[PDB]
């Protein structure tokens, strides 16, 4: 489908301006899902496709429904895969700008992976977007250890997963416009001209 693996396939001899690492929502196919794919497209339209590596969080992250109930909102193995990818970006391309994101379970995964990441890796992540953030309430609109200016949380009116519950209703499926417009505009501001 819409998956992207450019951090895995790219050459440390041609590091890009930006690397996006994005985690999909529960039951979404591929490694980007409905929001990661247009978010990556938008960054490639702004900077050129060869100047952005788009990477989804796959492998061990199976976006299983039951893993929402685990304490941080995803599996330990899925969070560790997020960390692994952030570290691969830092090992291959330490001076590339990293931007991160997630939807739904994937926003919990991203938040936990950024919390667990080294000071070096968190410093390289210039911007993060979270859509339908399942730990919005519990993490008070932030990511632990991550400066607020680098974050945007998109929590729709009536998306109760942002309100300390795991109740999934139609507003949870409303983020496509933000993934094509406000969210990439924010990441572009953090990457720079």
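Positions refer to the first chain, counted from 1.
Relative to one another, 45-53 and 129-137 have unequal mean CA B-factors, and 45-53 is the one with the higher figure. Of the two segments examined, 181-189 and 9-17, it is 9-17 that shows the higher average Cα temperature factor in the deposited entry.
Based on the entry's C-alpha B-factors, the most elevated value among 74, 104, 95, 118 belongs to 95. Sorting 70, 39, 143, 162 by the CA temperature factor given in the entry leaves 70 at the top. In this PDB entry, the Cα temperature factor of residue 27 sits in the top third of its chain's modelled residues, the highest group. The entry lists a Cα temperature factor for residue 80 that places it in the middle third of the chain's modelled residues. Among all modelled residues in its chain, residue 167 ranks in the middle third by Cα B-factor.
Among the modelled residues of the chain, residue 35 sits in the middle third by CA temperature factor in this PDB entry.
Among all modelled residues in its chain, residue 151 ranks in the lowest third by Cα B-factor.
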